[PDB]
Each structure stands twice: as C-alpha cells, then as structure tokens.
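*Asks:* With the input below, show me the fold.
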Amino acid sequence: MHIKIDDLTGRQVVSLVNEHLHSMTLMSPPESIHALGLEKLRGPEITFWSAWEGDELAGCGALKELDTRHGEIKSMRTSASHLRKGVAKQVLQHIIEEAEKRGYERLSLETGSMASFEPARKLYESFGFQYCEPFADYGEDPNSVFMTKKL
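*Replies:* Residues are numbered from 1 along each chain as shown. Please find the structure below.
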C-alpha cells in the first residue's frame, strides 16, 4: 500500500514497535524471562520501514543487510487496535520489494513455534516461504521450525 522509512520517530509507530497488544501470559516457566534485544534494533546500520495503510499507521518493520543477495527480518506487528487488511503483508511486501530492487534471491526470517509466530509463519508461507536451515537469532530446537524465502 504505502511503506516509508522512519528513523526513531512516531509515538504510535514506536509504540507499536514497542508493544501495542502486549497480551497477558498464562504460563511463564523459570528459565529466561528477560531477553528481547534492546541493543539490537536500536543500533547502527539499521533501518526501520514503516507501513501506512490510509490516514493511519498500518505497522512497521526492521531490515538489516546480510549478504549480497540475502536479507533478514526481525520485527513485525499485526492485529493492533482492531484493523483488518494485512499489516505484516503490507510490510512483508516492502521487505521482498526492497530486496527485489537491490537484486536479492533469498530472504531469511525468525521463526520457531509461538503464538505470535504461529501466524507469522503462516503469513510467510502464504507469501512463498519454504522450509530450510534454521538461523535467526537463536539455535535449533525440538520445538522450533524455520524456513526461507526463495525469490
């Protein structure tokens, strides 16, 4: 629809990128309940793509260069207040498009097996994503799925 490049700006945009839904948890085992990546997105050589679907923000997304023809995404919101269209779809579109312009032939993503990812994985597979070697910002696991986007 309409994606722009926002750099640390927009309350609703930053808020969304921060936590819009932030649903409650009904299960939290003792292990590591304090890990996200504060000093990750908020770093150098980083660019945030915004998605505006109309007069209001649709969502945002992050993208960092990896290889000459390899891209990776680590950010995406959906649902939000209560809108239907395809925020992630819109962004995901710019993600692929962005790589398309550059001339990429592969796209990585961070998956596994979560409620927030459950659909995310479906969104990707709906865009043309096939299973492949795991990577993301984690390591393989018995309860984790990974895939790659082939242009």
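*Asks:* Going by C-alpha atoms from here, please, whenever you check contacts or count neighbours.
*Replies:* Will do.
*Asks:* and the residue lying closest to residue 137 once chain neighbours are set aside, what element?
*Replies:* If the residues on either side of it in the chain are set aside, residue 137 comes closest to residue 110, at 7.1 Å by CA to CA, 6 or more residues apart in numbering. Using DSSP states H and E, residue 110 maps to neither a helix nor a strand.
*Asks:* who's in contact with the helix ranked longest in the chain?
*Replies:* Longest helix in the chain, counting residues (DSSP state H): helix 87-102. Helix 87-102 is contacted by residues 1-3, 49-51, 53, 58-61, 63, 69, 71, 73, 76-79, 105, 107, 123 when judged by CA atoms under 8 Å, 6 or more residues apart in numbering.
*Asks:* got a list of contacts for the helix or strand that that helix is followed by?
*Replies:* On the C-terminal side of helix 87-102, the closest following helix or strand by DSSP H and E is strand 106-108. Here strand 106-108 makes contact (CA under 8 Å, 6+ apart) with 69, 70, 71, 72, 73, 96, 136, 147, 148, 149, 150, 151.
*Asks:* Give me the distance between the last one and residue 102.
*Replies:* If you measure residue 151 against residue 102 using CA to CA, to the nearest Å, the figure is 12 Å.
*Asks:* For this protein, which segments are assigned as strands?
*Replies:* Secondary structure of the chain (DSSP state E): strands at 3-6, 47-52, 57-67, 70-72, 106-108, 129-131, 147-150.
*Asks:* right, and those - which one's nearest residue 18?
*Replies:* strand 57-67 (10.5 Å; CA to CA).
*Asks:* partner strands of the closest one, parallel or antiparallel?
*Replies:* strand 47-52 (antiparallel), strand 70-72 (antiparallel) (DSSP bridges).
*Asks:* Now mean neighbour count too, for these, in CSV please.
*Replies:* CSV is the format used below for these (neighbours: other CA atoms under 10 Å):
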stretch, mean neighbour count
strand 47-52, 21
strand 70-72, 20
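*Asks:* Tabulate the ones you listed in CSV, adding columns for distance to residue 40.
*Replies:* As requested, the strands paired with strand 57-67 are exported to CSV (distance: least, CA to CA, whole Å):
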stretch, distance to residue 40
strand 47-52, 12
strand 70-72, 13
